[PDB]
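1. My complex, part one, positions kept as in the full thing:
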Amino acid sequence: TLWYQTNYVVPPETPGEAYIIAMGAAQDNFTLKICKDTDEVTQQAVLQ
């Protein structure tokens, strides 16, 4: 969770709406086990 520690203080004539980009990644001790068919793709008929 990302909470407002204090606030988003801004001077005059500056937009009060900003954005934050969240990026994710794995650390250096990341490892994986048995393979598996992904569930993010679907196909009904052959791609002709």
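-> Perfect, I can see it now. Numbering: from 1, shown residues only, chains lettered A, B, ... in the order given.
2. what's in contact with stretch A:13-33?
-> A:2, A:8, A:10 (CB atoms under 8 Å, 6 or more residues apart in numbering). Using the backbone N, CA and C atoms, a C-beta is placed for each residue, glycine as well.
3. ranking those by neighbours, who comes first?
-> In terms of neighbours by other CB atoms under 10 Å, the contacts of stretch A:13-33 top out with residue A:10 at 11 neighbours.
4. Just give the nearest non-adjacent residue to that one, would you?
-> Spatial nearest neighbour of residue A:10, excluding adjacent residues (CB to CB, 6 or more residues apart in numbering): residue A:16 at 5.5 Å.
5. Around the one you found, how many other residues sit close by?
-> For residue A:16, the neighbour count with other CB under 10 Å is 7.
6. repeat for residue A:41
-> By other CB under 10 Å, 6 other residues sit near residue A:41.
7. List the residues that contact it.
-> By CB under 8 Å, 6+ apart, no residues touch residue A:41.
8. mind checking how far it is from residue A:47?
-> Separation of residue A:41 from residue A:47 (CB to CB, to the nearest Å): 12 Å.
9. What of residue A:12?
-> According to CB to CB, residue A:12 stands 57 Å off from residue A:47.
10. Can you tell me the SS state at residue A:40?
-> Secondary structure, DSSP: H, G, I helix; E, B strand; the rest coil: residue A:40 is coil.
11. And for it, the neighbour number?
-> Residue neighbour count, defined by other CB under 10 Å, stands at 4 for residue A:40.
12. One more: residue A:9?
-> By other CB under 10 Å, 6 other residues sit near residue A:9.
13. May I have the phi/psi pair for it?
-> phi -80, psi 140 (degrees, to the nearest 10).
14. And it, how far from residue A:16?
-> To residue A:16, residue A:9 is 10 Å away according to CB to CB.
15. just residue A:26 next, same as before
-> 35 Å.
16. Distance to residue A:32 added to the contacts of stretch A:13-33, as JSON lines?
-> Putting the contacts of stretch A:13-33 into JSON lines (distance: CB to CB, whole Å) gives the following:
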{"residue": "A:2", "distance to residue A:32": "28"}
{"residue": "A:8", "distance to residue A:32": "39"}
{"residue": "A:10", "distance to residue A:32": "44"}
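17. let's bring in chain B now:
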Amino acid sequence: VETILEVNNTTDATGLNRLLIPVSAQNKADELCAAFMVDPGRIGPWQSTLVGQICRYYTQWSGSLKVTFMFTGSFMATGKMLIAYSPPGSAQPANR
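-> Adding chain B to what we have so far:
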């Protein structure tokens, strides 16, 4: 490799605005800004990143992760945030 996280994956948030969590001047303190579960295999934000789309080709994962938060606000605008990862247990916290 760092890849963006679709953390603003709400309805009525079509397009590239899914990759942006908003930040605004809050009149009430101690207020929540965003939240998401840290399970890459789960559906949600991690479903967009690379680690989360490649951890689905395998069954079990191990190791730590990292989440980089880049601020895209103006230069004169300052602030502070509190990023808190809570191990399993109850649901997400109510107050900070």
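18. Please reconsider the neighbour count of residue A:40 now that chain B is part of the model.
-> 10 (other CB atoms under 10 Å in any protein chain shown).
19. show me where the chain has strands.
-> The chain I'm using is chain A. Using DSSP state E, the strands of chain A run over residues A:2-4, A:17-26, A:31-32.
20. that answer is for a different chain, and I need it for chain B
-> Secondary structure of chain B (DSSP E): strands at B:3-4, B:21-24, B:32-34, B:61-62, B:65-71, B:81-83.
21. Which one of the strands of chain A lies nearest to chain B?
-> Closest of those to chain B is strand A:17-26, at 3.1 Å (criterion: CB to the nearest CB).
22. Parallel or antiparallel, list what pairs with that closest one.
-> strand B:3-4 (antiparallel), strand B:21-24 (antiparallel), strand B:65-71 (antiparallel) (DSSP bridges).
23. got TSV for these, with distance to residue B:57 and mean neighbour count too?
-> Listed next are the strands paired with strand A:17-26 as TSV, based on distance: least, CB to CB, whole Å; neighbours: other CB atoms under 10 Å in any protein chain shown:
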stretch	distance to residue B:57	mean neighbour count
strand B:3-4	15	16
strand B:21-24	28	17
strand B:65-71	17	15
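24. closest to residue B:72 out of the strands of chain A?
-> Residue B:72 lies closest to strand A:17-26 among the strands of chain A, at 4.9 Å (CB to CB).
25. can you tell me which residues contact residue 38?
-> This is for chain A. Counting by CB atoms under 8 Å, 6 or more residues apart in numbering or on different chains, residue A:38 touches B:53, B:56, B:57.
26. actually it's chain B I care about, not the one you picked
-> Residues near residue B:38 by CB under 8 Å, 6+ apart: B:46, B:65, B:85.
27. and the gap between residue B:30 and residue B:94?
-> From residue B:30 to residue B:94 the distance is 11 Å (CB to CB).
28. Look at the two and report which has more neighbours.
-> The neighbour comparison of residue B:30 against residue B:94 (other CB under 10 Å) goes to residue B:30, with 12 against 7.
29. Grab the nearest non-local neighbour of that one.
-> Excluding the flanking residues, the one nearest residue B:30 by CB to CB, 6 or more residues apart in numbering or on different chains is residue B:96, at 5.2 Å.
30. extra chain here, label it chain C:
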Amino acid sequence: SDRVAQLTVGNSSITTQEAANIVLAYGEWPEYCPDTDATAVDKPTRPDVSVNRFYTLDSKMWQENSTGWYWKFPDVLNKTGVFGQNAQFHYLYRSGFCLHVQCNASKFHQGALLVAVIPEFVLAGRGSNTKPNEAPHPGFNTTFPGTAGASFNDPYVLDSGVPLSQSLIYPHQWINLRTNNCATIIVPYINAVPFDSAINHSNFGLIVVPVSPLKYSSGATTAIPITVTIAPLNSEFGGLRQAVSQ
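-> Putting chain C onto the chains we already have gives this:
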């Protein structure tokens, strides 16, 4: 190179981009009670990762006409976390603290906070009654505010008779909204006894006084909050028995 800073204790970390220094109170680090100074014979307990971390209290909104706040230690951490539980289950408590107060503001706001620590911050009753049987004394909630923290009534005298001008002899630090945005202070265990209770006697108190009042032009952000975070360092507890809240 000196503005950026990162503190890390236990499972918690604090970053900062504009604070420039770490005030070590009285030039001594928090350490464990050596055997040549200990009086309790029992063996104390030293978690060092369950309690030694940064607990973030609630935020106080700095208004244009605010008057200052004070906290008591370790009063604030008597109901939160394993520190609270250890302090409620143990009779003898010993620990140093690391304070960190953040109050960020744009480069157009102006103001200055004085962030100090007052060892044995005895408060005073504001009243001209001179007989000790009818004189006013501060209530319990006014002297041990808790996690909420209390506000001042007349900070020029620090609610303790002494003037605020000389309060700079204490371990202190300014938050000047033109240079820095947070102040941090590492204070050791300051007491006349090796260990002491954690629910009766509060070793010291934290003071945040807006000396230079907040001032800004129209259109800027009005909600300027102050957030304090505390890390008990080198903590020891002893004398275990049933839980006593107060």
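31. mind redoing the neighbour count of residue A:40 now chain C's in there?
-> The number of residues packed near residue A:40 is 10, by other CB under 10 Å.
32. If you drop the residues flanking it in sequence, what lies closest to it?
-> Once flanking residues are discounted, residue A:40 sits nearest to residue B:56: 6.3 Å by CB to CB, 6+ apart.
33. closest point of chain C to chain B, which residue?
-> Closest point on chain C to chain B, by CB to the nearest CB, is residue C:59, at 3.7 Å.
34. That residue bridge partners, please.
-> For residue C:59, the beta-bridge partners are residue C:227 (DSSP bridges).
35. I'd guessed it sits against residue A:6; true?
-> Yes - taking CB atoms under 8 Å as the definition, residue C:59 is a contact partner of residue A:6 at 6.3 Å.
36. For whichever helix or strand residue C:142 is part of, buried residues please.
-> When elements are assigned from DSSP states H and E, residue C:142 belongs to helix C:140-143. The neighbour-count check on helix C:140-143 (16 or more other CB atoms under 10 Å in any protein chain shown) flags residue C:143 as buried.
37. Look up the closest residue to residue C:142, ignoring the ones flanking it.
-> For residue C:142, ignoring the flanking residues on the chain, the nearest one in space by CB to CB, 6+ apart is residue C:150 at 6.2 Å.
38. check contacts around the residue nearest to residue A:40.
-> Going by CB under 8 Å, 6+ apart, residue B:56 touches A:36, A:38, A:39, A:40, B:40, B:41.
39. cool, residue C:239 as well?
-> Residues in contact with residue C:239 (CB under 8 Å, 6+ apart) are C:40, C:42, C:90, C:91, C:92.
40. What remains of these if I keep only buried residues?
-> Buried among these by 16+ other CB under 10 Å: C:90, C:91, C:92.
41. Give me the subset of those residues lying in strands.
-> Those of these lying in strands (DSSP E): C:90, C:91, C:92.
42. Dig out what the first one forms beta bridges with.
-> Note on residue C:90: beta-bridge partners by DSSP bridges are residue C:240.
43. Might one say that it is in contact with residue C:242?
-> No - the pair residue C:90 / residue C:242 is not scored as a contact, 10.9 Å apart, by CB under 8 Å.
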